[PDB]
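Shown next as structure tokens: one chain only, the form deposited in one PDB entry.
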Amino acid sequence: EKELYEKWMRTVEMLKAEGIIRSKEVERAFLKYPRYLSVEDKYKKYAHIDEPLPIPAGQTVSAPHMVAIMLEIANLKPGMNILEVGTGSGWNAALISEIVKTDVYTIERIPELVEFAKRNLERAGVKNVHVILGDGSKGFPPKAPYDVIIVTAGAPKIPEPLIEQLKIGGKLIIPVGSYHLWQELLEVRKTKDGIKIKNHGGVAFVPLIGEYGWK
């Protein structure tokens, strides 16, 4: 326990020292919710290593540095209305909730993972994260519009529904690529002057499967 946390603290210090974690907000979220709380027992021993890890149903939880990079790009603030597409283990959602101090909506298409995430969240005492079973490539109309939409699965293109559901001045962070498993991390800003896109380099995420994702 405290041992796992000590290794985690070292990982957070490393991410901070190397300029990956750049804000006190993201630093605080990482320190409150260590990744070991979101993986199966057999992988907890590796939760501090900056590498992706497997989770149930053939999916994965991203490497700590990638989760940090995406949260920093999001420039999250308390009170924001955030939608995460691809709950997985629930780790990222927990982190987001610690930063925005309010209800966070996250969508997962695999029933087994919806259960897995809910259990992890409950065990960690999280209450503001709301896990919904469904096809997140269609976003989540009930609580739109969103300040930021963070997609943790790779798409073949930018899903229109996610753009429609963004507040003006908001942004969509999503991996887009012509390969199911190898993508480019895009920061899609919905500005008063139109869509502005910043490419943040190559990444490797599981595919976003759905009506507006991969078949």
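When you see a residue number, it is the position in the sequence shown, counting from 1. Take the two forms, find the largest set of C-alpha atoms that superpose within 1.5 Å, and that set is the rigid core.
Same protein, other form: the form deposited with a partner chain bound, not shown, and the subject of what follows.
Of the candidate stretches 26 to 34, 160 to 168, 50 to 58, 143 to 151, only 50 to 58 contains residues with a heavy atom within 4.5 Å of the partner chain in the deposited bound form. Remark: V206 counts among the residues lining the partner chain in the deposited bound form, judged by a heavy atom distance of 4.5 Å or less.
Although the partner is absent here, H65 lies within 4.5 Å of the partner chain in the deposited bound form, judged by heavy atoms.
Annotation: Cα of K24 displaced by less than 2 Å between this form and the one not shown, core superposition.
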